[PDB]
Amino acid sequence: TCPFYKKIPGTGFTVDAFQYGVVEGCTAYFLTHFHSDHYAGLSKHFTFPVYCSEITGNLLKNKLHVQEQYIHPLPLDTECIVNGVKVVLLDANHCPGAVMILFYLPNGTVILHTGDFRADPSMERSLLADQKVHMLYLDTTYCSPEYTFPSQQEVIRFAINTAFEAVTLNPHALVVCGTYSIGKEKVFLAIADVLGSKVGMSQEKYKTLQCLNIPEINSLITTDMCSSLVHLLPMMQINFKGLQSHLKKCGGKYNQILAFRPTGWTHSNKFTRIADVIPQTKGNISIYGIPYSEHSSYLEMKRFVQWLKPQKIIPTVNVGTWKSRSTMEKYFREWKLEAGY
Ligand code: NI
């Protein structure tokens, strides 16, 4: 049974609620981004409208095989009417094609649903600037002050350097990057670009990347592994036994892997900076964890919400326990009292 925080009052609209069957009264199904928790349930057998970004559109048609008619792509940053309701999609700064949705209700209420987002000062100069938001459906993934991590540009710096170093010391070394969804494409594209290479991947992952409207993408990626010195692998495969195995397959063409596991937060964020990172090392395979986040840190979230001064906040993440629910409300109260809304 679809939860109340996946429904939008005074509409027949739902958001990311594709796993319950037909939600009675729902005329329209919004999908914020192509990640399997959010899309869980979609198939070729959907015959209700789906509204989403062009990019999320391409992924629905091409990866899940939804029929072109039922995908309604909308441009971003454009006042659009949908069943006589003004909506806007805004870039969520999450993974490719991810959006936040502004709902302008008939009664005069304005609601922002963030989806998954990494809050940023650039969003304060968007269309949000123009008017008051009464309700905020918030990605609370990292709503706890422990949750700090560096900026994406910081991480991309570290990564580029590490890789370019090792490759220039040993030109028969291979870069590997772990991956299991869309998101975090800048890690492998920035490396591949510093190294004079295309990125090489399985057929499935090439098909996934070809839907994302990346500029010049045909010059950046290949399905010919042999020709590439940056490879992608299933994140499941980024370990010693798995990297050993894969190092066999390349057939005496490289003598050292240098891998990256872009993760989110882990407990080593609490005690070690990004400029002081190390890898594990079982012989010639050296795995780096790097905390490249596509979710708001505590402070980023805090800033966004205190600028937005929403009259009410509704969490979409970590809502499954009363302890997390309670904990999160305390933070919302502090922000409000600090800020004087
Ligand atoms: Ni996500």
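Residues numbered from 1 in each chain as written, not as in the entry; some residues may be left out. Heavy atoms only, no water. Residues with missing side-chain atoms left out of burial classes, pairs and counts.

Before going further, it helps to spend a moment on the overall build of the protein chain. Helix and strand content of the protein chain: 8 helices and 18 strands. Over its C-alpha atoms the protein chain spans a radius of gyration of 22 Å, differing by no more than 12% from the 20 Å that the globule rule assigns to 341 residues. Principal-axis analysis of the C-alpha atoms gives the protein chain an extent of 65 × 50 × 35 Å. Counting only contacts in the protein chain whose residues sit at least 6 apart along the sequence, the fraction spanning at least 24 positions is 63%. (Helix = DSSP H or I, 4+ residues; strand = E, 2+ residues; numbered from the N terminus. Rg over C-alpha atoms; globule rule 2.2 N^0.38 Å. Contact = heavy atoms within 4.5 Å.)

This part covers the pattern of salt bridges. Per the counting criterion, the structure on display carries 5 salt bridges. Among the salt bridges present, the one from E68 reaches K61, with a minimum N-O distance of 3.9 Å. Notably, a salt bridge pairs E79 with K86, separated by 3.4 Å at the nearest N-O pair. (Salt bridge = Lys/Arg side-chain N within 4 Å of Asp/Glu carboxyl O.)

Our focus in this paragraph is the coordination of the nickel ion. Protein-derived coordination of the nickel ion comes from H33 (NE2), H35 (ND1), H94 (NE2) and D116 (OD), at a distance range of 2.3 to 2.5 Å. In this structure, the nickel ion is coordinated by 4 donor atoms arranged in irregular fashion, with angles at the metal of 86 to 169°. Counting residues between consecutive donors of the nickel ion along the chain gives the motif H-x1-H-x58-H-x21-D. Linking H35 in the loop between β3 (28-30) and α1 (36-39) with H94 in the loop between β7 (86-91) and β8 (99-104), this pair joins segments that are 59 residues apart in sequence. Here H35 falls in the buried class, since its relative accessible area comes to 15%. Overall, the relative accessible area of 8% leaves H94 in the buried class. (Donors = N, O, S within 2.8 Å, 3.2 Å for Na, K, Ca; no water. Tetrahedral: all angles 85-135°; square planar, octahedral: opposite > 155°, others 65-115°. Buried < 20%, exposed > 50% of the residue type's maximum accessible area, 1.4 Å probe, protein only.)

With that settled, the discussion passes to the sheet that holds strand β6 (residues 80-81). The strand order across the open sheet built from 6 strands is β6-β7-β8-β9-β10-β18, with neighbouring strands paired in mixed fashion. Each end of this open sheet is capped by a strand with a single partner; those strands are β6 and β18 (312-315). Relative to strand β10 (residues 135-138), strand β9 (residues 110-113) runs parallel, the two sharing 3 bridges. Residue pairing in the sheet places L112 in a bridge with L136 of β10. Its contacts with the sheet put helix α7 (residues 298-308) on β9, β10 and β18, and the angle it makes with β10 is roughly 170°. (Pairing = 2+ DSSP bridges. Axes fitted to C-alpha atoms, helices over the stretch in contact; angles between N-to-C directions.)

Since there are 3.6 residues in each turn of an α-helix, residues three or four apart along the chain are aligned in direction. Counting buried positions along helix α4 (residues 185-194) yields 7 of 10 residues, so the element is predominantly enclosed. All of the buried residues along α4 are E185, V187, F188, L189, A190, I191 and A192. Backbone geometry just downstream of α4 places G196 in the positive-phi region, at approximately 65°.

The sheet built from 5 strands is open, its strands ordered β1-β2-β3-β4-β5 with mixed pairing. In this open sheet, the two strands that pair with only one neighbour each are β1 (7-8) and β5 (71-74). Here 2 bridges tie β3 to strand β4 (residues 50-53), and the two strands are oriented parallel to one another. Opposite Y29, over in β4, you have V50 as the bridge partner. On the sheet, helix α2 (residues 54-64) packs against β4 and β5 and is oriented at approximately 120° with respect to β4.

A few words on the domain arrangement of the protein chain. For the protein chain, the assigned domains are domain 1 (1-147 + 296-341) and domain 2 (148-295). In this structure, domain 1 and domain 2 have C-alpha centres spaced 30 Å apart. Counting residues at the interface gives 25 residues for domain 1 and 20 residues for domain 2. The element that contributes the greatest number of residues to the side of domain 1 that touches domain 2 is α2, accounting for 6 residues. Of the residues assigned to the side of domain 1 that touches domain 2, the class counts are 9 nonpolar, 9 polar and 7 charged. (Domains from an automatic or database assignment. Nonpolar A, V, L, I, M, F, W, Y, C, P; charged D, E, K, R; others polar.)

Another aspect to go through is the nonpolar core. Counting 81 residues, the largest nonpolar core has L42, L60, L112, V175, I191, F260 and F304 as its most contacted members. The biggest single contributor to this core is helix α3 (residues 152-169), with 8 residues. For this core, the two domains that each supply at least three residues are domain 1 (1-147 + 296-341) and domain 2 (148-295). Ranked by size, the runner-up nonpolar core spans 22 residues in total, among them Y51, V82, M135 and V319. (Core = buried A, V, L, I, M, F, W, Y, C linked by side-chain atoms within 4.5 Å.)

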